Every structure is written in C-alpha cells, then in structure tokens.
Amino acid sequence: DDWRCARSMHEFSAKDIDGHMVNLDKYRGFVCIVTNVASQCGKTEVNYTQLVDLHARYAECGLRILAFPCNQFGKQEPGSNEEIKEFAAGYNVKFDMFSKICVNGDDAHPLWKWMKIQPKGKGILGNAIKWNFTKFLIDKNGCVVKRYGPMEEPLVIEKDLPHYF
C-alpha cells in the first residue's frame, strides 16, 4: 500500500492498452485529464467525442488525456483490450488509452485509490467513483485539482484549463 503516501500522479505506473508499462512520470509538465471509460453507456459517444475535441484543441498547449476502461458500472466495458482499442479508434482517439482496470474496491488500480483521497479528488457524495466517465483534472506537478462527475460533459473542463491554454 505504498500508494497511500504518494504525493503525485507521477509516482504511479500503469499498463497501456497494448500491454506496455507506462511510467506516469512522463506526464510531468503536462496538464492531464484522467477518466474511466466504457463502451456501452448512453453517454459513451458524447464523452469520447468531446475528449477527442479537447485533445485536438489543446494537445499543443500541453493537455494530455489518460483513459482507463472499467467494467464496474453496469458491465458496460465487457470487451477485450484489443476490442476497446479499436472502439476508441472509431472515435479517432489520439490520446492515451490504458488497459482495463478496477477503480473501486481493494483491487482498484493504485492511481485511482490515490486520486480519490486527494483534497480535490473527493466526490459530491463521497470518494467512490459513481459511474463511468468520472474525470479528474491533474496539474503539471501531478496533483489533483478538480473532479467532475459522470454527468459532466468533458467540455465543462475546458474553462478550468490554464488561462493561457
């Protein structure tokens, strides 16, 4: 449980959707949106399309997006990593797709256990991720700066990006 004493997203690693181990310190210096995704939710389309739009408009200013598939919410991400990769490609995703994980419970990926206990990572009701497409905004130092619920369209994050983005 070394995740509990971490102070930055940059202290974690995660397998990408192709199986390559990513050291998240590669995001040092970048503003990041971290989100749990699913292919079989009613808002799947609006979330993917808006995240792609944010990335197209702000990648050159240093925005990065880390999408973590998760099957814990209505069994709405049942497919294999290869299937999910091809699904995201259908929305023209060019940001970073990760291998499927859990976000709640003791088996949750340590990055997610950590984000949920940060001062700005707590939800409106409590810490647990409530459904697909929760979003966390992470600053260039790897700290959580804001959390957005499943009903928040990604475009709501845009105003919270740095004023010179």
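Position 1 is the first residue in the sequence shown; the rest follow in order.
S.K.: On mean Cα temperature factor in this entry, is 62-70 or 124-132 the higher one?
M.R.: Higher of the two, by average CA B-factor, is 124-132.
S.K.: Highest mean C-alpha temperature factor of the two stretches 103-111 and 30-38, which is it?
M.R.: Averaged over C-alpha atoms, the B-factors run higher in 103-111.
S.K.: Could you check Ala14, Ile17, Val145, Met151 and tell me which one carries the biggest Cα B-factor in the deposited entry?
M.R.: That would be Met151.
S.K.: Please place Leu54 in the lowest, middle or highest third of its chain by C-alpha B factor as given in the entry.
M.R.: Middle third of the chain for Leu54's C-alpha B-factor.
S.K.: Relative to the other modelled residues in the chain, which third contains the C-alpha temperature factor of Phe95: lowest, middle or highest?
M.R.: According to the entry, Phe95 has a C-alpha B-factor in the chain's lowest third.
S.K.: In terms of the chain's CA B-factor thirds, is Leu24 lowest, middle or highest?
M.R.: As the PDB entry reports it, the C-alpha B-factor of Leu24 lands in the lowest third of its chain.
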